[PDB]
Amino acid sequence: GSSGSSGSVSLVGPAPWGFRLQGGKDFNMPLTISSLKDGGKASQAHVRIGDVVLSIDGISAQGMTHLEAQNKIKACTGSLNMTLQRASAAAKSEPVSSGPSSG
């Protein structure tokens, strides 16, 4: 059903995986998925905006600036191996509403 635990992913692209990066130490924030392309690799890997990159190419993206993480990404040409961070449950359900009728 629903679950949320660490896990790595793999992308296939010379660089333009379709996803971007935003934040960093220089930014004063964690590395998150800036944007993504229509049904892009990242998307194909079920990557939503806000996903935090725990690692980049097996490297720790803890003490790495935006440029850094970007540098690594640039390093990767074949595939991109990075880890994401889970956050609570990733599923929402909208309840249906209805009203009675007058006689």
# chains A, B, ... in the order shown; residues from 1 in each chain; ligands from 1
$ residues_around --residues "region 11-23 of chain A" --least-positions-apart "6" --cutoff "8 Å" --atoms "only C-alpha atoms" --output "VMD selection string"
chain A and resid 29 to 38 40 to 42 45 66 70 73 to 74 76 to 81
$ write_last_selection --atoms "N, CA and C atoms" --output "PDB file, in the first residue's frame"
ATOM      1  N   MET A  29      19.569  26.168   2.406  1.00  0.00           N
ATOM      2  CA  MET A  29      18.486  25.202   2.363  1.00  0.00           C
ATOM      3  C   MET A  29      18.967  23.863   1.801  1.00  0.00           C
ATOM      4  N   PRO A  30      18.130  22.813   2.019  1.00  0.00           N
ATOM      5  CA  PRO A  30      18.459  21.481   1.540  1.00  0.00           C
ATOM      6  C   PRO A  30      18.254  21.376   0.028  1.00  0.00           C
ATOM      7  N   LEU A  31      18.952  20.419  -0.567  1.00  0.00           N
ATOM      8  CA  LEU A  31      18.856  20.203  -2.000  1.00  0.00           C
ATOM      9  C   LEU A  31      17.530  19.511  -2.319  1.00  0.00           C
ATOM     10  N   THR A  32      16.690  20.222  -3.056  1.00  0.00           N
ATOM     11  CA  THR A  32      15.392  19.689  -3.436  1.00  0.00           C
ATOM     12  C   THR A  32      15.231  19.710  -4.957  1.00  0.00           C
ATOM     13  N   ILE A  33      14.169  19.065  -5.418  1.00  0.00           N
ATOM     14  CA  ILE A  33      13.891  19.003  -6.842  1.00  0.00           C
ATOM     15  C   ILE A  33      13.265  20.324  -7.294  1.00  0.00           C
ATOM     16  N   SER A  34      14.097  21.159  -7.901  1.00  0.00           N
ATOM     17  CA  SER A  34      13.640  22.451  -8.384  1.00  0.00           C
ATOM     18  C   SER A  34      12.417  22.271  -9.284  1.00  0.00           C
ATOM     19  N   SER A  35      12.651  21.649 -10.430  1.00  0.00           N
ATOM     20  CA  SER A  35      11.581  21.409 -11.383  1.00  0.00           C
ATOM     21  C   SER A  35      11.802  20.071 -12.091  1.00  0.00           C
ATOM     22  N   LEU A  36      10.852  19.729 -12.950  1.00  0.00           N
ATOM     23  CA  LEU A  36      10.931  18.483 -13.695  1.00  0.00           C
ATOM     24  C   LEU A  36      10.267  18.669 -15.061  1.00  0.00           C
ATOM     25  N   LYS A  37      10.601  17.767 -15.973  1.00  0.00           N
ATOM     26  CA  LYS A  37      10.047  17.820 -17.315  1.00  0.00           C
ATOM     27  C   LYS A  37       8.835  16.891 -17.398  1.00  0.00           C
ATOM     28  N   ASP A  38       7.998  17.150 -18.392  1.00  0.00           N
ATOM     29  CA  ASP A  38       6.803  16.348 -18.592  1.00  0.00           C
ATOM     30  C   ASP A  38       7.197  14.874 -18.709  1.00  0.00           C
ATOM     31  N   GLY A  40       9.293  13.045 -17.335  1.00  0.00           N
ATOM     32  CA  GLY A  40      10.726  12.890 -17.525  1.00  0.00           C
ATOM     33  C   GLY A  40      11.269  11.734 -16.682  1.00  0.00           C
ATOM     34  N   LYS A  41      12.551  11.457 -16.870  1.00  0.00           N
ATOM     35  CA  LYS A  41      13.201  10.385 -16.138  1.00  0.00           C
ATOM     36  C   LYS A  41      12.797  10.463 -14.663  1.00  0.00           C
ATOM     37  N   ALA A  42      13.196  11.558 -14.032  1.00  0.00           N
ATOM     38  CA  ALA A  42      12.885  11.766 -12.628  1.00  0.00           C
ATOM     39  C   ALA A  42      11.416  11.417 -12.379  1.00  0.00           C
ATOM     40  N   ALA A  45      10.662   7.958 -12.423  1.00  0.00           N
ATOM     41  CA  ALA A  45      11.154   7.316 -11.216  1.00  0.00           C
ATOM     42  C   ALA A  45      10.253   7.694 -10.039  1.00  0.00           C
ATOM     43  N   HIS A  66      25.088  23.937  -3.822  1.00  0.00           N
ATOM     44  CA  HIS A  66      24.311  23.738  -5.033  1.00  0.00           C
ATOM     45  C   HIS A  66      25.244  23.384  -6.191  1.00  0.00           C
ATOM     46  N   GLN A  70      25.681  19.973  -8.319  1.00  0.00           N
ATOM     47  CA  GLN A  70      25.585  20.163  -9.756  1.00  0.00           C
ATOM     48  C   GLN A  70      26.836  19.618 -10.449  1.00  0.00           C
ATOM     49  N   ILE A  73      26.514  15.870 -10.622  1.00  0.00           N
ATOM     50  CA  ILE A  73      25.532  15.563 -11.648  1.00  0.00           C
ATOM     51  C   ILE A  73      26.190  15.667 -13.026  1.00  0.00           C
ATOM     52  N   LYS A  74      26.970  16.724 -13.196  1.00  0.00           N
ATOM     53  CA  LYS A  74      27.661  16.951 -14.454  1.00  0.00           C
ATOM     54  C   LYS A  74      28.651  15.810 -14.700  1.00  0.00           C
ATOM     55  N   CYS A  76      28.286  12.730 -13.816  1.00  0.00           N
ATOM     56  CA  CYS A  76      27.523  11.592 -14.298  1.00  0.00           C
ATOM     57  C   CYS A  76      27.096  11.875 -15.740  1.00  0.00           C
ATOM     58  N   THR A  77      27.386  10.917 -16.608  1.00  0.00           N
ATOM     59  CA  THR A  77      27.039  11.050 -18.013  1.00  0.00           C
ATOM     60  C   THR A  77      26.098   9.920 -18.439  1.00  0.00           C
ATOM     61  N   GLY A  78      26.406   8.725 -17.959  1.00  0.00           N
ATOM     62  CA  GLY A  78      25.600   7.559 -18.281  1.00  0.00           C
ATOM     63  C   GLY A  78      24.265   7.592 -17.533  1.00  0.00           C
ATOM     64  N   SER A  79      24.353   7.423 -16.222  1.00  0.00           N
ATOM     65  CA  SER A  79      23.165   7.431 -15.385  1.00  0.00           C
ATOM     66  C   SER A  79      23.432   8.226 -14.106  1.00  0.00           C
ATOM     67  N   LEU A  80      22.347   8.614 -13.452  1.00  0.00           N
ATOM     68  CA  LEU A  80      22.450   9.377 -12.218  1.00  0.00           C
ATOM     69  C   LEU A  80      21.930   8.531 -11.055  1.00  0.00           C
ATOM     70  N   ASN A  81      22.819   8.276 -10.106  1.00  0.00           N
ATOM     71  CA  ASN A  81      22.463   7.483  -8.942  1.00  0.00           C
ATOM     72  C   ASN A  81      22.426   8.387  -7.708  1.00  0.00           C
TER      73      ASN A  81
END
$ closest_residue --among "A:98, A:93, A:3, A:71" --to "residue 59 (chain A)" --atoms "only C-alpha atoms"
A:71
$ atom_distance --atom1 "CA of residue 1 (chain A)" --atom2 "CA of residue 39 (chain A)"
22.9 Å
$ residues_around --residues "residue 64 (chain A)" --least-positions-apart "6" --cutoff "9 Å" --atoms "only C-alpha atoms" --output "VMD selection string"
chain A and resid 24 to 26 31
$ write_last_selection --atoms "C-alpha atoms" --output "tab-separated table (two decimals), in the first residue's frame"
chain	number	residue	atom	x	y	z
A	24	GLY	CA	22.00	24.17	-0.99
A	25	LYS	CA	24.32	25.42	1.74
A	26	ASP	CA	25.04	28.54	-0.28
A	31	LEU	CA	18.86	20.20	-2.00
$ closest_residue --among "A:65, A:55, A:28, A:85" --to "residue 4 (chain A)" --atoms "only C-alpha atoms"
A:85
$ atom_distance --atom1 "CA of residue 82 (chain A)" --atom2 "CA of residue 52 (chain A)"
9.9 Å
$ select_by_dssp --residues "chain A" --states "alpha helix (DSSP H)" --output "ChimeraX atom specification"
/A:41-44,66-75
$ atom_distance --atom1 "CA of residue 87 (chain A)" --atom2 "CA of residue 68 (chain A)"
24.2 Å
$ closest_residue --among "A:103, A:69, A:51, A:27" --to "residue 90 (chain A)" --atoms "only C-alpha atoms"
A:51
